Amino acid sequence: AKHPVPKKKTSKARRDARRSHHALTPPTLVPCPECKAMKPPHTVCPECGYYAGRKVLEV
Amino acid sequence: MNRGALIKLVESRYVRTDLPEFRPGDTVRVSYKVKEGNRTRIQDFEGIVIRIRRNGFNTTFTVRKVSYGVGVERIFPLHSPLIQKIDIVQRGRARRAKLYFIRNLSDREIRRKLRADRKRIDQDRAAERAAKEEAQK
Amino acid sequence: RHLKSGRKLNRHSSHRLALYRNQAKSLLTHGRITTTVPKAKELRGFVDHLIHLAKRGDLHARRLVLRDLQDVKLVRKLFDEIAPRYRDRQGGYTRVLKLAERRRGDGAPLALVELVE
Amino acid sequence: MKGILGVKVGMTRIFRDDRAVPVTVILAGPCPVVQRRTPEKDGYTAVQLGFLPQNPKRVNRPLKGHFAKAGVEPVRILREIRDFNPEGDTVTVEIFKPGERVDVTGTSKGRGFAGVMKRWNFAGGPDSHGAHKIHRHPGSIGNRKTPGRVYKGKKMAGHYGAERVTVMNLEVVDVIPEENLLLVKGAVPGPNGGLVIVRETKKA
Amino acid sequence: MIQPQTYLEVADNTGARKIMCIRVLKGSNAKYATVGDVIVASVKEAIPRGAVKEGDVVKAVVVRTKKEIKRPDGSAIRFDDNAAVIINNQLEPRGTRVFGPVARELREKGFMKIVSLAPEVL
RNA sequence: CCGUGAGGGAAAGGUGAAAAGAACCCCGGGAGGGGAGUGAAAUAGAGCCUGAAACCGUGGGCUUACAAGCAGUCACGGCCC
RNA sequence: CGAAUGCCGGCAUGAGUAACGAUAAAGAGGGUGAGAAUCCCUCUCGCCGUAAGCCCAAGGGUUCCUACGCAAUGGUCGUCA
RNA sequence: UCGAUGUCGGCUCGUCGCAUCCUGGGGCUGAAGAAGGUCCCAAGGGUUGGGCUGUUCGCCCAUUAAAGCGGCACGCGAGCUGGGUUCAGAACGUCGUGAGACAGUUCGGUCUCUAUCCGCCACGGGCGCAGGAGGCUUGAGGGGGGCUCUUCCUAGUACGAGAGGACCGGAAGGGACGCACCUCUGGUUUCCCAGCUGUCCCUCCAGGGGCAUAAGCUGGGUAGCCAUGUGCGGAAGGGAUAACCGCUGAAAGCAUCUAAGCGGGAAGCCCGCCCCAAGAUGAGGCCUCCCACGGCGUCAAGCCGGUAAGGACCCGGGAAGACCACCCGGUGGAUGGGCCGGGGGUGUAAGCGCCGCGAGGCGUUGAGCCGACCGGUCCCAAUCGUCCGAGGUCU
Ligand SMILES: [Mg+2]
Ligand SMILES: [Mg+2]
Ligand SMILES: [Mg+2]
Ligand SMILES: [Mg+2]
Ligand SMILES: [Mg+2]
Ligand SMILES: [Mg+2]
Ligand SMILES: [Mg+2]
Ligand SMILES: [Mg+2]
Ligand SMILES: [Mg+2]
Ligand SMILES: [Mg+2]
Ligand SMILES: [Mg+2]
Ligand SMILES: [Mg+2]
Ligand SMILES: [Mg+2]
Ligand SMILES: [Mg+2]
Ligand SMILES: [Mg+2]
Ligand SMILES: [Mg+2]
Ligand SMILES: [Mg+2]
Ligand SMILES: [Mg+2]
Ligand SMILES: [Mg+2]
Ligand SMILES: [Mg+2]
Ligand SMILES: [Mg+2]
Ligand SMILES: [Mg+2]
Ligand SMILES: [Mg+2]
Ligand SMILES: [Mg+2]
Ligand SMILES: [Mg+2]
Ligand SMILES: [Mg+2]
Ligand SMILES: [Mg+2]
Ligand SMILES: [Mg+2]
Ligand SMILES: [Mg+2]
Ligand SMILES: [Mg+2]
Ligand SMILES: [Mg+2]
Ligand SMILES: [Mg+2]
Ligand SMILES: [Mg+2]
Ligand SMILES: [Mg+2]
Ligand SMILES: [Mg+2]
Ligand SMILES: [Mg+2]
Ligand SMILES: [Mg+2]
Ligand SMILES: [Mg+2]
Ligand SMILES: [Mg+2]
Ligand SMILES: [Mg+2]
Ligand SMILES: [Mg+2]
Ligand SMILES: [Mg+2]
Ligand SMILES: [Mg+2]
Ligand SMILES: [Mg+2]
Ligand SMILES: [Mg+2]
Ligand SMILES: [Mg+2]
Ligand SMILES: [Mg+2]
Ligand SMILES: [Mg+2]
Ligand SMILES: [Mg+2]
Ligand SMILES: [Mg+2]
Ligand SMILES: [Mg+2]
Ligand SMILES: [Mg+2]
Ligand SMILES: [Mg+2]
Ligand SMILES: [Mg+2]
Ligand SMILES: [Mg+2]
Ligand SMILES: [Mg+2]
Ligand SMILES: [Mg+2]
Ligand SMILES: [Mg+2]
Ligand SMILES: [Mg+2]
Ligand SMILES: [Mg+2]
Ligand SMILES: [Mg+2]
Ligand SMILES: [Mg+2]
Ligand SMILES: [Mg+2]
Ligand SMILES: [Mg+2]
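Here the residue numbering is sequential from 1 along each chain as its sequence is written and may not follow the entry numbering; residues with no coordinates are omitted from view. Naming scheme: in the order in which they are written, chains are lettered from A and ligands are numbered from 1. Here we see some chains out of a larger assembly; the values all refer to those chains and nothing more. The side-chain figures draw on all heavy atoms in the structure; neither hydrogens nor water molecules are used.

As annotated in the PDB entry, chain C carries the name 50S ribosomal protein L17 and comes from Thermus thermophilus. The deposited PDB record carries the title "Structure of tmRNA SmpB bound in A site of T. thermophilus 70S ribosome". If you open the UniProt record of chain C and go to Sequence similarities, you find "Belongs to the bacterial ribosomal protein bL17 family." UniProt positions are given in the numbering used here, feature names are shortened, and annotations may be inferred rather than shown by experiment.

If you look chain B up in the PDB entry, it shows as 50S ribosomal protein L19 from Thermus thermophilus. Quoted verbatim from the Function heading of the UniProt record, the comment on chain B is "Contacts the 16S rRNA of the 30S subunit (part of bridge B6), connecting the 2 subunits." UniProt annotates chain B under Sequence similarities with the comment "Belongs to the bacterial ribosomal protein bL19 family."

This is how it looks when you write it as structure tokens:
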């Protein structure tokens with residue numbers, strides 16, 4: 001109800017310009033040197049991990 | 001470069017490893033006290049030694065005597081031109097490293113609490129290199 | 001202006017000492033712990049210290065490990081399964097890897113702490 | 001005009017036999033000149049200096065070995081001395097002689113968003129007698145409707161530190177060119193490991 | 001670091017046991033008086049048959065402080081009560097004596113009568 | 001629904017001719033879709049006829065990052081229809 | 001109809017901003033599941049313990065329990081409730 | 001303006017004026033000297049701490065070189081206080097028959113988490129700067145600081161009807177104020193160490209842990225950050241000036257600082273000193289690195305796809321930091337974590353043995369534990385990579 005309040009409605013211009021830098025950055029993906037799935041980097045993602053990595057279900 | 005404090009120790013050629021390595025026991029000897037146009041003024045100092053803060057060089061130790069009606073603490077740099085800093089009684093036995101508890105009490109409880117470091121006052125006396133084996137061999 | 005300085009925190013003191021104890025009780029038991037990454041990066045120093053205390057096979061080291069790990073049935077397993085397992089690896093026992101398939105629903109990066117073989 | 005690049009490596013009080021001069025230790029190393037900025041192609045009569053040469057092939061396109069002892073360019077990166085003119089090469093410390101004052105210019109220890117009562121030494125507010133949420137606030141930052149704005153030079157909360165600051169007239173108390181040190185009396189700005197340029201004096 | 005409203009265990013034979021530092025006598029708006037400086041002091045306690053009385057606003061040199069007087073030679077003296085000597089307005093002591101120790105900054109501050117008259121200039 | 005209570009006291013209609021209200025797939029846990037099918041019509045598909053506007057998107061044209069404004073208007077000029 | 005600090009409905013802006021409702025405190029391993037910090041179990045950790053534990057009245061009314069669920073209600077998610 | 005412009009004072013932050021309270025100049029002086037008075041220039045810097053009052057203002061106290069007069073909504077309540085004042089309660093004096101009233105006192109009395117735009121302090125993203133990049137830097141334009149005293153030598157001599165005491169200079173210390181920094185002094189240091197309590201637990205003794213300010217408490221506490229600490233700074237030095245004094249000299253044969261000219265001269269002005277700073281569309285300069293056209297026309301084509309020099313993405317980080325940036329690294333690597341050594345903090349660990357009925361004392365033991373600090377050491381983590389990135393035709 002109180003002390004700090006919007007004096008005016010921010011229009012489409014200033015609202016959709018303040019929502020410029022809230023565009024999301026696409027994630028980083030690298031192709032996993034064992035088989036070609038797109039892990040993020042430095043990440044033991046569900047293929048093998050690193051060389052001799054900690055396994056989900058594999059030999 | 002990669003020796004950011006080996007530099008700081010090699011820069012310290014000012015060190016004085018000739019003072020006794022005392023724990024907070026009781027050091028009583030001279031200072032520099034240059035005044036009156038003449039340097040040669042060698043005023044002693046009594047007193048329990050309270051704290052030895054260390055930084056390798058410039059370890060500055062505090063010695064507190066109670067002079068003439070009141071306490072007085074003096075924080076000597078230990079690597080300045082102090083001539084001698086011999087200690088009367090390597091004593092205390094001193095559980096506390098930095099013993100500021102003798103501020104609030106200033107009395108016979110000092111006697112009752114810095115009792116006897118009989119270990120060090122035996123061994124740094126029986127480190128007497130004061131025999132009569134010289135001028136023979 | 002802090003952080004000219006050492007370790008990290010999110011909880012209070014008596015919660016961090018017993019957060020490190022609780023993750024150590026599970027890393028020394030199982031071996032693979034899936035925390036977040038900022039928990040793991042200061043789990044590694046604590047458990048590295050516990051392994052290195054246990055590398056000293058003597059009794060004061062047993063009591064110093066027991067100062068943290070209040071279980072002693074665990075420290076049986078430590079001192080004769082984890083401590084002689086290295087015996088040569090001077091420092092740096094546990095490893096920490098980041099994960100994908102992150103902590104879905106709060107988005108924390110999970111991390112997997114193995115000891116090592 | 002008597003310039004050098006160096007590292008603040010710590011402070012130590014040393015003794016000029018009567019007092020305890022509380023010096024710092026600048027590691028004013030042998031700085032190889034890498035480009036003498038001439039006044040007829042630039043207008044400066046300045047000299048780019050260098051520092052530590054062990055840069056394992058992080059030396060990209062400023063490879064720039066156009067000096068006869070270039071000493072492949074430091075990631076302890078180039079700075080200038082603005083009115084310098086050396087005579088030989090790789091200026092060390094011997095340009096400075098003990099007893100001459102220097103101005104030490106370095107990046108100070110940044111304190112982040114060290115807001116006011118820390119940045120501009122404000123007197124904050126009362127810690128008692130009344131409300132509480134103003135203990136470290138600046139309070140007023142202007143007047144009412146005339147001017148009806150904050151003056152643009154206003155002291156407020158900001159990025160304190162991490163800007164170059166120069167302490168003028170620091171006595172060089174000693175040099176140790178056995179390991180190429182430089183010892184000035186007082187507070188060289190910056191961390192114990194940070195970069196400081198050490199210039200000639202602006203006394204006269 | 002004697003400041004206004006300090007109490008100072010007076011050390012001389014004037015009549016003062018304790019004086020409160022009214023105003024430091026350094027420059028214009030000086031914050032503290034350390035050892036060797038002149039304060040202004042209103043005598044709060046009385047030796048009964050004293051020369052000064054309980055209220056004689058009198059200048060005083062500060063001879064002891066609880067705060068550590070960092071001497072230029074690296075060491076630091078530190079006493080165990082703030083003390084002051086009553087001073088006649090030509091910067092000269094008022095009493096015949098002075099009790100225990102003073103700091104030796106008083107010689108370069110210009111209080112050589114106190115440093116001669118005090119039994120241990122520490 | 002609010003009110004202890006006396007009392008106050010709302011909003012909320014429309015598939016299509018007929019439910020023929022979507023069998024069977026495919027994705028998905030399902031919801032929801034895309035096919036197939038119904039029907040004249042399914043941007044008539046279920047609190048479903050028409051379904052405007054505010055609003056929110058996407059695609060295209062022109063236009064802007066040295067500009068100043070009650071946001072227009074007049075004048076030329078540039079560019080796609 | 002353009003104004004009544006109008007009325008009703010809608011949708012904005014504020015804004016992905018403040019908050020998420022106690023500074024008692026969580027961590028891990030298995031499950032289950034399509035999906036998990038949140039569900040179950042285990043093992044530590046913590047918190048109350050003149051209660052933050054039991055029992056009975058007042059009141060509320062089926063919230064009890066089990067099984068099938070998760071759109072909706074849980075200030076997140078939710079197989080749980 | 002009453003569909004609200006919150007209102008006195010204080011705190012905080014200021015900023016400005018000059019009609020100046022000091023400080024810098026100067027003129028006269030009933031100006032011997034020291035003072036001072038008055039007036040002219042002069043805001044660049046200051047302009048204290050208190051007692052009383054709600055007080056602005058005053059009276060004092062102790063200083064000071066001076067304790068400026070104001071403005072800025074009697075600056076400042078989307079900053080705070082509410083003591084006062086303008087709420088209800090109460091009371092006193094008084095007026096009122098009375099309810100009640102009193103800038104007449106007296107006591108008490110809700111002063112409202114979220115900043116939308118401008119403004120400001122900061123820090124970024126985008127794009128620009130007809131090649132694209134890594135560095136470095138000139139400084140257009142700013143901003144910051146701009147103080148001032150005391151003492152001494154000048155000499156206690158010029159002066160002095162007086163014995164007080166100079167101008168001109170030169171040092172040495174101070175006082176605040178600002179910048180920067182841990183060497184010292186001193187704080188904090190949240191688990192680094194120790195002691196101790198009570199309880200519970202592990203395992204009974206010993207030992208240890210949990211809990212008791214989200215540290216049980218207490219004693220210490222490196223690095224960090226800090227001031228009360230330390231070191232710096234104010235300027236010298238040009239140039240033009242104000243008032244004010246000139247020199248030369250007419251108009252007016254003389255004089256006059258002025259009309260032609262030219263000199264001194266102020267803490268003031270500009271530059272010097274420090275910091276930012278090319279977004280300075282005026283978008284700079286210098287050094288270095290990389291450079292086809294194959295493709296779709298009224299053509300190196302305005303649009304993409306592969307390009308390098310490089311830059312990102314990511315990760316290890318950081319005296320860098322809210323995020324982002326910035327800086328350092330990514331196996332060739334000492335970047336973080338570990339271990340090792342040292343500094344450092346604690347203060348003789350545990351265990352054993354001995355003494356003592358015993359709480360404990362003893363040796364082993366400055367031992368052990370050890371947060372950052374200073375370095376070593378690939379032991380673990382920065383594996384792997386992925387993506388942008390010109391090809392410049394134009395006077
Ligand atoms: Mg408010
Ligand atoms: Mg909008
Ligand atoms: Mg958008
Ligand atoms: Mg006794
Ligand atoms: Mg670090
Ligand atoms: Mg920093
Ligand atoms: Mg305060
Ligand atoms: Mg409040
Ligand atoms: Mg309140
Ligand atoms: Mg009397
Ligand atoms: Mg009297
Ligand atoms: Mg009801
Ligand atoms: Mg019909
Ligand atoms: Mg379906
Ligand atoms: Mg509809
Ligand atoms: Mg319809
Ligand atoms: Mg569009
Ligand atoms: Mg322009
Ligand atoms: Mg343009
Ligand atoms: Mg116009
Ligand atoms: Mg309408
Ligand atoms: Mg109307
Ligand atoms: Mg109308
Ligand atoms: Mg409405
Ligand atoms: Mg809405
Ligand atoms: Mg906001
Ligand atoms: Mg916010
Ligand atoms: Mg929030
Ligand atoms: Mg608790
Ligand atoms: Mg409890
Ligand atoms: Mg149930
Ligand atoms: Mg749902
Ligand atoms: Mg839900
Ligand atoms: Mg299920
Ligand atoms: Mg009004
Ligand atoms: Mg209005
Ligand atoms: Mg005269
Ligand atoms: Mg004037
Ligand atoms: Mg002023
Ligand atoms: Mg004012
Ligand atoms: Mg006002
Ligand atoms: Mg208010
Ligand atoms: Mg306001
Ligand atoms: Mg009030
Ligand atoms: Mg109140
Ligand atoms: Mg009457
Ligand atoms: Mg009350
Ligand atoms: Mg904002
Ligand atoms: Mg002089
Ligand atoms: Mg310190
Ligand atoms: Mg206990
Ligand atoms: Mg417990
Ligand atoms: Mg606690
Ligand atoms: Mg400390
Ligand atoms: Mg003449
Ligand atoms: Mg002239
Ligand atoms: Mg200027
Ligand atoms: Mg540029
Ligand atoms: Mg370590
Ligand atoms: Mg040590
Ligand atoms: Mg022992
Ligand atoms: Mg026995
Ligand atoms: Mg060590
Ligand atoms: Mg250090």
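A few points about unusual backbone geometry
In this structure, the amide linkage connecting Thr146 of chain D to the following residue, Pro147 of chain D, adopts the cis form with an omega of 10°. The way it works is that DSSP assigns letters per residue, a run of H or I at least four long becomes a helix, a run of E at least two long becomes a strand, and they are numbered from the N terminus. By secondary structure assignment, the location of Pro147 of chain D is in the loop between β6 (101-107) and β7 (164-174).

A closer look at the pattern of salt bridges
Salt bridges, as used here, are contacts in which a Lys or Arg side-chain nitrogen is within 4 Å of a carboxyl oxygen on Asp or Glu. Inspection of every chain in the model, using the stated rule, returns 24 salt bridges over all chains. Across the salt bridge formed by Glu73 of chain B and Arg64 of chain B, the nearest N and O atoms sit 3.8 Å from each other. Partly exposed describes any residue whose relative accessible area lies between the buried limit of under 20% and the exposed limit of over 50%, with all areas from a 1.4 Å probe on protein chains only and scaled to the type maximum. With a relative accessible area of 1%, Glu73 of chain B lands in the buried category. Three or more residues joined by partner-sharing salt bridges are found here, namely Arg64, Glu73 and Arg103 of chain B together with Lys67, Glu68, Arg78 and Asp80 of chain E.

Quick notes on the protein's contact with RNA strand H
Proximity is defined per residue: any heavy atom of the residue falling within 4 Å of a molecule or strand makes that residue near it. With respect to spatial proximity, 175 residues lie near RNA strand H, and among them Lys119 of chain B, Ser13 of chain C together with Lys109, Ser140 and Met168 of chain D are the closest. When atoms of RNA strand H within 4 Å of the protein are split into backbone and base, the sugar-phosphate part holds 76%. The separation between a base nitrogen of RNA strand H and a polar side-chain atom of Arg61 of chain D is 2.4 Å. In terms of residue count, the dominant contributor to the surface near RNA strand H is β7 of chain D (6 residues). In the analysis that follows, any N or O atom pair within 3.5 Å is treated as a polar contact, provided that within protein one partner can donate a hydrogen and the other can accept it, and provided that, for residues neighboring in sequence, both atoms belong to side chains.

Focus: the packing of aromatic side chains
When the centres of two rings from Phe, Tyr and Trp lie within 6.5 Å, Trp using its six-membered ring, the rings pair. Their planes under 30 degrees apart give stacked, over 60 give edge-to-face, and anything left gives tilted. Enumeration according to the criterion identifies 6 aromatic pairs over all chains in this entry. Here the aromatic rings of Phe45 of chain B and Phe76 of chain B are separated by 6.1 Å at their centres, their planes lie at 80°, and the arrangement is edge-to-face. In this pair, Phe45 of chain B sits in the loop between α1 (6-10) and β1 (48-53) while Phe76 of chain B sits in strand β3 (residues 70-76), placing the two residues 31 residues apart along the sequence. Summarising the burial analysis for this pair, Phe45 of chain B and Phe76 of chain B share the class buried. The rule is short: NZ of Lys or CZ of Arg within 6 Å of the ring centre and within 35 degrees of the ring normal puts a charge over the ring. The aromatic ring of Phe76 of chain B is capped on one face by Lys85 of chain B, whose charged end is 4.6 Å from the ring centroid. If you follow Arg62 of chain C out to its NZ or CZ, it ends over the ring of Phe79 of chain C, 4.8 Å from the centre.

Let's talk about a nonpolar patch on the surface
Taken together, the side chains of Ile141, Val150 and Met156 of chain D make up a nonpolar region of the molecular surface, amounting to roughly 190 Å² of accessible area. Looking at where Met156 of chain D falls in the secondary structure, it is placed in the loop between β6 and β7. Without a salt bridge and with relative accessible area above 30%, a residue can belong to a patch; like charges are then joined within 9 Å and nonpolar side chains (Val, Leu, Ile, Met, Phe, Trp, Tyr) within 5 Å. All accessibility values rest on the Shrake-Rupley procedure with a 1.4 Å probe; residue burial counts only the protein chains present in the view.

Quick look at the interface of chain B and chain E
Two residues form a contact once any of their heavy atoms are found within 4.5 Å. Tallying the contact residues gives 18 residues for chain B and 20 residues for chain E. Throughout, the accessible surface (probe 1.4 Å) given up by two parts as they are put together, summed over both, is called the buried area. Summed over both sides, the interface between chain B and chain E buries roughly 1,700 Å², with carbon and sulfur atoms accounting for 50% of that surface. Of all residues in chain B, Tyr68, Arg74 and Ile75 of chain B bury the most surface against chain E, accounting for 29% of the area lost on that side. At the surface where chain B touches chain E, the tally comes to 2 salt bridges. Two residues, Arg78 of chain E and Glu73 of chain B, come together in a salt bridge whose shortest N-O distance is 2.6 Å. For the interface between chain B and chain E, the tally reads 9 residue pairs in polar contact. If you list the elements that add at least two residues to the side of chain B that touches chain E, you get β2 (60-67) and β3 of chain B.

Details of the interface of chain B and chain D
If you look at the interface, chain B gives 17 residues, while chain D gives 16 residues. A combined buried area of about 1,400 Å² lies between chain B and chain D, and 64% of that area is made up of carbon and sulfur atoms. The tally of links between chain B and chain D comes to 2 salt bridges. We note a salt bridge from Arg3 of chain B to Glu179 of chain D, for which the minimum N-O separation is 3.8 Å.

Section: the sheet that holds strand β5 (residues 79-81) of chain D
All names here are of chain D. Strand pairing follows a simple DSSP-based rule, namely that at least 2 bridges must link the two strands. A sheet is described by the order of its strands in space; here 3 strands give the open sequence β3-β4-β5, paired in antiparallel fashion. Edge positions in the sheet fall to β3 (33-37) and β5, since each has one partner strand and no second. If you compare each strand with its neighbour and ignore which way they point, the axes differ by 25° on average. Angles shown run from 0 to 180 degrees and are taken between the N-to-C directions of axes, each axis being a line fitted to C-alpha atoms and, for helices, limited to the stretch in contact.

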